[PDB]
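Just target-v7.cif here, mmCIF, C-alpha atoms:
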```
data_my_file
loop_
_atom_site.group_PDB
_atom_site.id
_atom_site.type_symbol
_atom_site.label_atom_id
_atom_site.label_comp_id
_atom_site.auth_asym_id
_atom_site.auth_seq_id
_atom_site.Cartn_x
_atom_site.Cartn_y
_atom_site.Cartn_z
ATOM 1 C CA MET A 1 201.407 32.267 196.447
ATOM 2 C CA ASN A 2 202.771 28.730 196.652
ATOM 3 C CA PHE A 3 202.651 27.095 200.065
ATOM 4 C CA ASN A 4 205.435 25.174 201.767
ATOM 5 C CA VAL A 5 204.132 22.083 199.969
ATOM 6 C CA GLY A 6 207.382 20.292 200.680
ATOM 7 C CA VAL A 7 205.812 19.153 203.903
ATOM 8 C CA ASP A 8 202.220 18.135 203.204
ATOM 9 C CA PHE A 9 202.920 15.711 200.286
ATOM 10 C CA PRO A 10 206.719 15.595 199.822
ATOM 11 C CA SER A 11 208.504 13.423 197.263
ATOM 12 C CA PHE A 12 211.739 11.521 196.677
ATOM 13 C CA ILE A 13 213.897 10.106 193.894
ATOM 14 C CA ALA A 14 213.031 6.484 193.096
ATOM 15 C CA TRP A 15 214.817 5.724 189.809
ATOM 16 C CA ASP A 16 217.433 8.130 188.443
ATOM 17 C CA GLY A 17 217.773 6.112 185.236
ATOM 18 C CA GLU A 18 220.857 4.230 186.460
ATOM 19 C CA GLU A 19 219.995 2.864 189.930
ATOM 20 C CA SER A 20 217.035 2.514 192.268
ATOM 21 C CA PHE A 21 216.497 3.804 195.803
ATOM 22 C CA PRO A 22 214.215 2.105 198.349
ATOM 23 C CA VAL A 23 212.125 4.735 200.121
ATOM 24 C CA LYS A 24 210.152 4.533 203.352
ATOM 25 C CA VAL A 25 206.364 4.805 203.374
ATOM 26 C CA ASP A 26 205.472 4.119 207.030
ATOM 27 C CA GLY A 27 205.076 7.797 207.913
ATOM 28 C CA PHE A 28 202.206 8.210 205.448
ATOM 29 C CA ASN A 29 199.198 6.235 204.240
ATOM 30 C CA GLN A 30 198.869 6.869 200.484
ATOM 31 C CA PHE A 31 201.434 7.250 197.722
ATOM 32 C CA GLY A 32 201.890 7.198 193.961
ATOM 33 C CA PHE A 33 204.510 7.353 191.298
ATOM 34 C CA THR A 34 205.460 9.736 188.567
ATOM 35 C CA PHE A 35 207.227 8.876 185.380
ATOM 36 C CA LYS A 36 209.244 11.211 183.212
ATOM 37 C CA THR A 37 210.845 10.446 179.859
ATOM 38 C CA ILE A 38 213.962 12.488 179.110
ATOM 39 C CA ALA A 39 214.194 11.310 175.481
ATOM 40 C CA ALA A 40 212.234 9.320 172.928
ATOM 41 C CA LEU A 41 212.323 5.606 173.706
ATOM 42 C CA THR A 42 212.553 2.734 171.222
ATOM 43 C CA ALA A 43 210.146 0.188 172.747
ATOM 44 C CA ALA A 44 207.741 -0.153 175.646
ATOM 45 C CA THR A 45 209.701 -0.182 178.904
ATOM 46 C CA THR A 46 208.704 -2.641 181.626
ATOM 47 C CA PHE A 47 209.620 -2.075 185.274
ATOM 48 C CA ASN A 48 209.129 -4.542 188.110
ATOM 49 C CA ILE A 49 208.077 -3.206 191.500
ATOM 50 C CA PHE A 50 209.624 -4.418 194.745
ATOM 51 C CA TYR A 51 208.978 -3.820 198.429
ATOM 52 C CA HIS A 52 211.446 -4.205 201.271
ATOM 53 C CA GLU A 53 211.256 -5.061 204.956
ATOM 54 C CA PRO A 54 213.225 -3.507 207.835
ATOM 55 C CA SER A 55 216.471 -5.449 207.994
ATOM 56 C CA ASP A 56 216.796 -7.452 211.199
ATOM 57 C CA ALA A 57 220.056 -5.595 211.900
ATOM 58 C CA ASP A 58 218.494 -2.108 211.948
ATOM 59 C CA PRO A 59 214.695 -1.685 212.218
ATOM 60 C CA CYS A 60 214.841 1.244 209.766
ATOM 61 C CA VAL A 61 217.048 0.008 206.935
ATOM 62 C CA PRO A 62 215.422 -1.804 203.982
ATOM 63 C CA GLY A 63 216.116 -5.491 203.546
ATOM 64 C CA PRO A 64 215.947 -7.408 200.272
ATOM 65 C CA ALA A 65 213.477 -6.715 197.448
ATOM 66 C CA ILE A 66 210.419 -8.973 197.457
ATOM 67 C CA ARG A 67 208.339 -8.507 194.316
ATOM 68 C CA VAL A 68 204.831 -7.232 195.078
ATOM 69 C CA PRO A 69 202.037 -9.310 193.474
ATOM 70 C CA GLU A 70 199.376 -8.003 191.081
ATOM 71 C CA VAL A 71 195.788 -7.211 192.080
ATOM 72 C CA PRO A 72 192.943 -7.369 189.511
ATOM 73 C CA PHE A 73 189.905 -5.193 190.074
ATOM 74 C CA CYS A 74 186.791 -5.824 187.964
ATOM 75 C CA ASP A 75 187.586 -5.723 184.245
ATOM 76 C CA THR A 76 191.309 -6.491 184.290
ATOM 77 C CA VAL A 77 191.723 -9.460 181.954
ATOM 78 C CA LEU A 78 195.471 -9.262 181.270
ATOM 79 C CA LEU A 79 196.724 -10.479 184.691
ATOM 80 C CA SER A 80 200.282 -10.170 183.242
ATOM 81 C CA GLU A 81 200.327 -14.014 183.160
ATOM 82 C CA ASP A 82 202.378 -13.970 186.369
ATOM 83 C CA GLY A 83 200.383 -12.100 189.043
ATOM 84 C CA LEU A 84 203.509 -10.114 189.973
ATOM 85 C CA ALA A 85 202.734 -6.428 189.486
ATOM 86 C CA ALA A 86 204.838 -4.518 186.966
ATOM 87 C CA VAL A 87 204.274 -1.331 184.981
ATOM 88 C CA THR A 88 205.188 -0.792 181.330
ATOM 89 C CA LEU A 89 205.507 2.710 179.942
ATOM 90 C CA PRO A 90 204.265 2.334 176.347
ATOM 91 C CA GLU A 91 206.341 3.327 173.353
ATOM 92 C CA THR A 92 205.816 6.721 171.675
ATOM 93 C CA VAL A 93 205.677 8.898 174.782
ATOM 94 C CA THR A 94 206.516 12.555 174.220
ATOM 95 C CA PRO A 95 209.522 13.707 176.296
ATOM 96 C CA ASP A 96 207.580 16.675 177.686
ATOM 97 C CA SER A 97 204.880 14.798 179.591
ATOM 98 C CA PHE A 98 204.370 12.409 182.488
ATOM 99 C CA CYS A 99 202.260 9.491 183.673
ATOM 100 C CA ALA A 100 200.880 8.390 187.046
ATOM 101 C CA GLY A 101 200.760 4.955 188.655
ATOM 102 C CA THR A 102 200.401 3.068 191.935
ATOM 103 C CA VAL A 103 199.749 -0.283 193.565
ATOM 104 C CA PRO A 104 196.324 -0.348 195.278
ATOM 105 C CA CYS A 105 197.525 -2.529 198.185
ATOM 106 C CA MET A 106 200.844 -1.882 199.900
ATOM 107 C CA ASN A 107 203.076 -4.332 201.757
ATOM 108 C CA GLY A 108 206.295 -3.874 203.691
ATOM 109 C CA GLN A 109 208.062 -0.575 204.343
ATOM 110 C CA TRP A 110 210.104 0.394 201.261
ATOM 111 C CA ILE A 111 209.371 0.726 197.548
ATOM 112 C CA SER A 112 211.795 0.264 194.653
ATOM 113 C CA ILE A 113 211.516 0.088 190.866
ATOM 114 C CA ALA A 114 213.810 -1.944 188.622
ATOM 115 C CA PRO A 115 213.710 -2.133 184.804
ATOM 116 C CA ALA A 116 212.726 -5.552 183.511
ATOM 117 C CA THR A 117 215.536 -7.362 181.721
ATOM 118 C CA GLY A 118 215.876 -6.687 178.007
ATOM 119 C CA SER A 119 214.260 -3.250 178.233
ATOM 120 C CA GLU A 120 216.929 -1.869 180.582
ATOM 121 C CA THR A 121 218.888 0.140 178.000
ATOM 122 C CA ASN A 122 215.949 2.493 177.444
ATOM 123 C CA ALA A 123 215.634 2.782 181.229
ATOM 124 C CA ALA A 124 218.808 4.879 181.025
ATOM 125 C CA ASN A 125 216.545 7.624 179.607
ATOM 126 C CA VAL A 126 213.709 7.596 182.162
ATOM 127 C CA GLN A 127 213.281 9.122 185.622
ATOM 128 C CA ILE A 128 210.786 7.831 188.188
ATOM 129 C CA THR A 129 209.816 9.768 191.312
ATOM 130 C CA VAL A 130 207.392 8.965 194.123
ATOM 131 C CA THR A 131 204.973 11.135 196.093
ATOM 132 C CA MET A 132 203.290 10.404 199.412
ATOM 133 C CA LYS A 133 200.116 11.698 201.072
ATOM 134 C CA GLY A 134 199.137 12.909 204.549
ATOM 135 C CA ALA A 135 201.181 11.833 207.554
ATOM 136 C CA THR A 136 200.219 8.913 209.788
ATOM 137 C CA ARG A 137 203.091 9.159 212.282
ATOM 138 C CA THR B 208 192.396 13.753 209.467
ATOM 139 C CA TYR B 209 193.171 16.080 212.356
ATOM 140 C CA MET B 210 195.580 18.677 213.739
ATOM 141 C CA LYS B 211 198.465 18.411 216.199
ATOM 142 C CA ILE B 212 200.572 20.956 218.081
ATOM 143 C CA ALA B 213 204.271 20.137 217.781
ATOM 144 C CA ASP B 214 205.455 22.713 220.334
ATOM 145 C CA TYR B 215 204.372 26.238 221.229
ATOM 146 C CA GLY B 216 207.945 27.527 221.137
ATOM 147 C CA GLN B 217 209.475 30.557 222.811
ATOM 148 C CA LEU B 218 207.942 33.932 222.146
ATOM 149 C CA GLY B 219 209.884 36.723 223.764
ATOM 150 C CA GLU B 220 212.806 37.299 226.067
ATOM 151 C CA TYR B 221 214.112 39.270 229.002
ATOM 152 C CA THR B 222 215.432 42.389 227.288
ATOM 153 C CA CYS B 223 217.124 45.270 229.082
ATOM 154 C CA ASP B 224 215.362 48.497 229.948
ATOM 155 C CA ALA B 225 215.551 51.720 227.914
ATOM 156 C CA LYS B 226 215.449 50.145 224.455
ATOM 157 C CA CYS B 227 212.514 50.908 222.145
ATOM 158 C CA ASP B 228 212.889 47.579 220.347
ATOM 159 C CA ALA B 229 211.915 43.913 220.651
ATOM 160 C CA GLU B 230 212.570 40.461 219.187
ATOM 161 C CA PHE B 231 210.599 38.046 217.034
ATOM 162 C CA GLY B 232 211.377 34.929 219.059
ATOM 163 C CA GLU B 233 210.276 31.670 217.480
ATOM 164 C CA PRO B 234 206.873 30.593 216.122
ATOM 165 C CA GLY B 235 205.408 27.210 216.924
ATOM 166 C CA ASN B 236 204.454 24.384 214.573
ATOM 167 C CA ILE B 237 201.055 22.924 213.645
ATOM 168 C CA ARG B 238 201.147 19.550 211.912
ATOM 169 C CA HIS B 239 198.125 18.065 210.148
ATOM 170 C CA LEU B 240 197.995 14.277 210.373
ATOM 171 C CA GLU B 241 195.622 11.730 208.883
ATOM 172 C CA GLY B 242 194.778 8.051 209.048
ATOM 173 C CA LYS B 243 192.800 5.383 207.247
ATOM 174 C CA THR B 244 190.563 2.497 208.282
ATOM 175 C CA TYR B 245 190.848 -1.200 207.506
ATOM 176 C CA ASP B 246 188.737 -4.132 206.358
ATOM 177 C CA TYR B 247 188.474 -7.661 207.719
ATOM 178 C CA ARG B 248 186.608 -10.269 205.677
ATOM 179 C CA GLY B 249 186.158 -14.017 205.427
ATOM 180 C CA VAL B 250 184.362 -16.741 203.497
ATOM 181 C CA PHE B 251 183.340 -20.336 204.064
ATOM 182 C CA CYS B 252 181.788 -23.035 201.886
ATOM 183 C CA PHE B 253 179.547 -26.059 202.476
ATOM 184 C CA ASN B 254 177.863 -28.859 200.525
ATOM 185 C CA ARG B 255 174.130 -28.296 201.285
ATOM 186 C CA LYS B 256 173.753 -32.062 201.627
ATOM 187 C CA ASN B 257 175.249 -32.078 205.119
ATOM 188 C CA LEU B 258 173.202 -28.928 205.784
ATOM 189 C CA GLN B 259 170.001 -30.987 205.475
ATOM 190 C CA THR C 208 215.058 50.186 248.506
ATOM 191 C CA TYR C 209 214.319 48.591 251.885
ATOM 192 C CA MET C 210 215.724 48.095 255.395
ATOM 193 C CA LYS C 211 217.788 45.154 256.685
ATOM 194 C CA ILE C 212 218.661 44.417 260.321
ATOM 195 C CA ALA C 213 222.062 42.812 260.874
ATOM 196 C CA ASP C 214 221.956 41.971 264.598
ATOM 197 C CA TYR C 215 221.120 43.414 268.009
ATOM 198 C CA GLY C 216 223.290 44.726 270.826
ATOM 199 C CA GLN C 217 225.444 43.403 273.655
ATOM 200 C CA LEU C 218 224.780 45.989 276.393
ATOM 201 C CA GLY C 219 223.236 44.360 279.449
ATOM 202 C CA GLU C 220 226.319 43.201 281.353
ATOM 203 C CA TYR C 221 225.946 41.591 284.790
ATOM 204 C CA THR C 222 228.957 43.461 286.186
ATOM 205 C CA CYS C 223 229.671 43.613 289.907
ATOM 206 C CA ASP C 224 228.073 46.019 292.374
ATOM 207 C CA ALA C 225 231.190 47.815 293.641
ATOM 208 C CA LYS C 226 231.775 49.287 290.166
ATOM 209 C CA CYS C 227 229.773 52.527 289.983
ATOM 210 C CA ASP C 228 230.313 52.751 286.220
ATOM 211 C CA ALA C 229 228.435 50.849 283.511
ATOM 212 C CA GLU C 230 229.556 50.106 279.945
ATOM 213 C CA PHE C 231 228.391 49.889 276.321
ATOM 214 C CA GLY C 232 228.978 46.571 274.589
ATOM 215 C CA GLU C 233 228.005 46.807 270.919
ATOM 216 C CA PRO C 234 225.155 49.069 269.690
ATOM 217 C CA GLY C 235 224.083 47.103 266.609
ATOM 218 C CA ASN C 236 223.775 47.419 262.849
ATOM 219 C CA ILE C 237 221.119 48.087 260.215
ATOM 220 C CA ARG C 238 221.589 47.887 256.443
ATOM 221 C CA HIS C 239 219.774 49.511 253.529
ATOM 222 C CA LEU C 240 219.202 47.433 250.396
ATOM 223 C CA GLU C 241 218.239 48.260 246.818
ATOM 224 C CA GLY C 242 217.032 46.431 243.720
ATOM 225 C CA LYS C 243 215.677 46.857 240.189
ATOM 226 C CA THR C 244 212.984 45.115 238.148
ATOM 227 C CA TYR C 245 213.388 43.420 234.781
ATOM 228 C CA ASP C 246 211.339 43.494 231.588
ATOM 229 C CA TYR C 247 210.168 41.292 228.736
ATOM 230 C CA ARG C 248 209.657 42.611 225.205
ATOM 231 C CA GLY C 249 208.595 40.953 221.975
ATOM 232 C CA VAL C 250 207.260 41.646 218.499
ATOM 233 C CA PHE C 251 205.840 39.733 215.538
ATOM 234 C CA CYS C 252 203.935 40.445 212.348
ATOM 235 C CA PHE C 253 201.713 38.643 209.886
ATOM 236 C CA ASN C 254 201.240 38.988 206.137
ATOM 237 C CA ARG C 255 197.853 40.740 206.064
ATOM 238 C CA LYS C 256 196.512 38.590 203.225
ATOM 239 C CA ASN C 257 198.382 35.344 203.969
ATOM 240 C CA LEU C 258 196.767 35.386 207.433
ATOM 241 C CA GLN C 259 193.191 36.194 206.416
ATOM 242 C CA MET D 1 213.497 33.775 201.415
ATOM 243 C CA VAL D 2 213.558 29.985 201.666
ATOM 244 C CA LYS D 3 212.949 28.369 205.052
ATOM 245 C CA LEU D 4 213.215 24.711 205.998
ATOM 246 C CA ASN D 5 211.095 22.688 208.411
ATOM 247 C CA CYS D 6 212.662 19.257 208.626
ATOM 248 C CA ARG D 7 211.804 16.049 210.455
ATOM 249 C CA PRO D 8 213.226 12.532 210.983
ATOM 250 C CA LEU D 9 211.630 9.238 209.924
ATOM 251 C CA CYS D 10 213.140 6.448 212.087
ATOM 252 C CA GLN D 11 212.207 6.201 215.758
ATOM 253 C CA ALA D 12 214.457 4.560 218.328
ATOM 254 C CA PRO D 13 213.608 2.541 221.453
ATOM 255 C CA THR D 14 213.649 4.191 224.881
ATOM 256 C CA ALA D 15 214.911 1.653 227.417
ATOM 257 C CA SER D 16 216.176 2.575 230.870
ATOM 258 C CA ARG D 17 216.829 0.718 234.107
ATOM 259 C CA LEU D 18 214.402 1.354 236.959
ATOM 260 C CA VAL D 19 216.912 1.315 239.841
ATOM 261 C CA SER D 20 215.421 1.424 243.342
ATOM 262 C CA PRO D 21 216.719 1.791 246.910
ATOM 263 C CA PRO D 22 218.624 -1.442 247.582
ATOM 264 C CA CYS D 23 218.594 -3.701 250.636
ATOM 265 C CA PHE D 24 218.696 -1.621 253.809
ATOM 266 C CA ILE D 25 222.232 -1.227 255.162
ATOM 267 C CA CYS D 26 223.396 -0.029 258.573
ATOM 268 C CA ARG D 27 226.042 2.665 259.088
ATOM 269 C CA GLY D 28 228.404 0.452 261.057
#
```
Serialized structure, structure tokens:
Amino acid sequence: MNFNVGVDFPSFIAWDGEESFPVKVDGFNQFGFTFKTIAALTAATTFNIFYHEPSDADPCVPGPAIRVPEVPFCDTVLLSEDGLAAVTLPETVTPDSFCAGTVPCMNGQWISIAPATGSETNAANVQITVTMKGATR
Amino acid sequence: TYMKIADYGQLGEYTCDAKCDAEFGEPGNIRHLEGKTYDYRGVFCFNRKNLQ
Amino acid sequence: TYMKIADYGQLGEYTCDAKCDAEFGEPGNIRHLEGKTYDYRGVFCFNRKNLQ
Amino acid sequence: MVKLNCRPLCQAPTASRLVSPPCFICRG
């Protein structure tokens, strides 16, 4: 007895493994990511996060990709030495499982994920999707 | 969070007489929206020597 | 079915006095109208358990 | 039986002139 859960927390494709897709978030208030490995990797895979702004030409087309900073909570001591949030799927992840993730403070209108340089050939074997939460507008 | 009525929609029609039948029409739509709150904070320092 | 009136008559001439013979202008006309009434039918169900 | 219930995401402005009866003119 599954509901029409398309509406009431839909989702979109963020990273097919070959290219990213900026996705709007304004309609909702909360959101998170979902990572899926299609094959066994060879090293930890780092992905930088980026947010976009409505291009001045069209108020609902994403502009460039500004990199969102990193926010430490209470016991975070790593700080990623750059304060520019990025997420690294660790090596040895079984290709029948998933992992969650999110940024605690949003900024802009669109979200995009791009594999950090050097670890981009394993990105060809990963799929990242995004889910939202209840509707604001 | 709260509820909202998109539109009641049409529910019935002017059929002709002598027909033991009817139509289903169109149901409405009931969206369920939600919102968050926000914070607003500030700080300020001193020297405690000018405060005396 | 109901009753319409088209118009009234024309009899009533002011003819001269030497003429010992009156006339009949135009008696009149009444109509008889009809009309039906229309209906509105509709139907809808619910899934007994999915509604409860 | 699948059924869709779809909705847009980008709103557009709603601008419109507010024309009014112009300067009074005389038929002549």
To one decimal place, how far is atom CA of residue A:30 from atom CA of residue A:12 in Å?
->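 Atom-to-atom, atom CA of residue A:30 to atom CA of residue A:12, that is 14.2 Å.
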Can you list what the PyMOL selection byres ((chain B) within 9 of (chain A)) grabs from this structure, as a ChimeraX atom specification?
-> /B:208,238-243
Proximal residues of chain D relative to chain A (all atoms listed in the file; 8 Å) as an NGL selection string = :D and (5 or 9-10)
Return the Cα root-mean-square deviation, in Å, for chain B superposed on chain C by least squares with the Cα atoms paired in order.
->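 C-alpha RMSD after optimal superposition stands at 1.1 Å.
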Expressed in Å to a single decimal, how great is the separation between atom CA of residue C:236 and atom CA of residue C:209?
->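 That distance, rounded to one decimal, is 14.5 Å.
The protein and nucleic acid residues lying at most 9 Å from residue C:219 are residues 230, 231 and 232 of chain C, with all atoms listed in the file considered and sequence neighbours fewer than 5 positions away removed.
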Could you state which residues are captured by the PyMOL selection byres ((chain B and resi 213) around 8) in this file, as a PyMOL selection string?
-> chain B and resi 211-212+214-215+235-238
Listing only residues of chain B within 10 Å of chain C, what is the closest atom pair and its distance in Å (to one decimal) for each, using all atoms listed in the file, sorted by chain and residue number ascending, as a tab-separated table?
```
residue	atom	partner	partner_atom	distance
B:218	CA	C:249	CA	7.1
B:219	CA	C:249	CA	4.8
B:220	CA	C:247	CA	5.5
B:221	CA	C:247	CA	4.4
B:222	CA	C:247	CA	5.6
B:223	CA	C:246	CA	6.5
B:224	CA	C:246	CA	6.6
B:225	CA	C:246	CA	9.9
B:226	CA	C:248	CA	9.5
B:227	CA	C:248	CA	9.3
B:228	CA	C:248	CA	7.7
B:229	CA	C:249	CA	4.6
B:230	CA	C:249	CA	4.9
B:231	CA	C:250	CA	5.1
B:232	CA	C:249	CA	7.2
B:233	CA	C:251	CA	9.4
B:234	CA	C:251	CA	9.2
```
Save the residues we just selected, C-alpha atoms, as a short mmCIF file (atom, residue, chain, number, x, y, z; two decimals), keeping the file's coordinate frame?
```cif
data_model
loop_
_atom_site.label_atom_id
_atom_site.label_comp_id
_atom_site.auth_asym_id
_atom_site.auth_seq_id
_atom_site.Cartn_x
_atom_site.Cartn_y
_atom_site.Cartn_z
CA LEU B 218 207.94 33.93 222.15
CA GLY B 219 209.88 36.72 223.76
CA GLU B 220 212.81 37.30 226.07
CA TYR B 221 214.11 39.27 229.00
CA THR B 222 215.43 42.39 227.29
CA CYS B 223 217.12 45.27 229.08
CA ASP B 224 215.36 48.50 229.95
CA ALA B 225 215.55 51.72 227.91
CA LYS B 226 215.45 50.14 224.46
CA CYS B 227 212.51 50.91 222.14
CA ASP B 228 212.89 47.58 220.35
CA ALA B 229 211.92 43.91 220.65
CA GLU B 230 212.57 40.46 219.19
CA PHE B 231 210.60 38.05 217.03
CA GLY B 232 211.38 34.93 219.06
CA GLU B 233 210.28 31.67 217.48
CA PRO B 234 206.87 30.59 216.12
#
```
Take stretch 219-232 of chain C, model N, CA and C atoms, and hand the result over as a short mmCIF file (atom, residue, chain, number, x, y, z; two decimals), in the frame of the given file.
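Saved to out32.cif:
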```
data_model
loop_
_atom_site.label_atom_id
_atom_site.label_comp_id
_atom_site.auth_asym_id
_atom_site.auth_seq_id
_atom_site.Cartn_x
_atom_site.Cartn_y
_atom_site.Cartn_z
N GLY C 219 224.03 45.18 278.55
CA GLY C 219 223.24 44.36 279.45
C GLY C 219 224.08 43.58 280.44
N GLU C 220 225.36 43.93 280.53
CA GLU C 220 226.32 43.20 281.35
C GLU C 220 225.82 43.02 282.78
N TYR C 221 226.24 41.92 283.40
CA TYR C 221 225.95 41.59 284.79
C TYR C 221 227.11 41.94 285.71
N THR C 222 227.77 43.06 285.44
CA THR C 222 228.96 43.46 286.19
C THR C 222 228.67 43.57 287.68
N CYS C 223 229.75 43.64 288.46
CA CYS C 223 229.67 43.61 289.91
C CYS C 223 229.00 44.88 290.43
N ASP C 224 228.78 44.91 291.75
CA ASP C 224 228.07 46.02 292.37
C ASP C 224 229.01 47.13 292.84
N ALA C 225 230.26 46.80 293.17
CA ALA C 225 231.19 47.82 293.64
C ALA C 225 231.54 48.82 292.55
N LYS C 226 231.44 48.41 291.28
CA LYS C 226 231.78 49.29 290.17
C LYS C 226 230.61 50.24 289.90
N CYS C 227 230.78 51.50 290.26
CA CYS C 227 229.77 52.53 289.98
C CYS C 227 229.98 53.15 288.61
N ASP C 228 230.10 52.30 287.59
CA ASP C 228 230.31 52.75 286.22
C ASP C 228 229.93 51.63 285.27
N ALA C 229 228.90 51.85 284.47
CA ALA C 229 228.44 50.85 283.51
C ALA C 229 229.27 50.88 282.24
N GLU C 230 228.81 50.19 281.19
CA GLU C 230 229.56 50.11 279.94
C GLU C 230 228.58 50.01 278.78
N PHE C 231 229.14 50.04 277.57
CA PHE C 231 228.39 49.89 276.32
C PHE C 231 229.07 48.80 275.50
N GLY C 232 228.38 47.68 275.31
CA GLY C 232 228.98 46.57 274.59
C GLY C 232 229.12 46.77 273.09
#
```
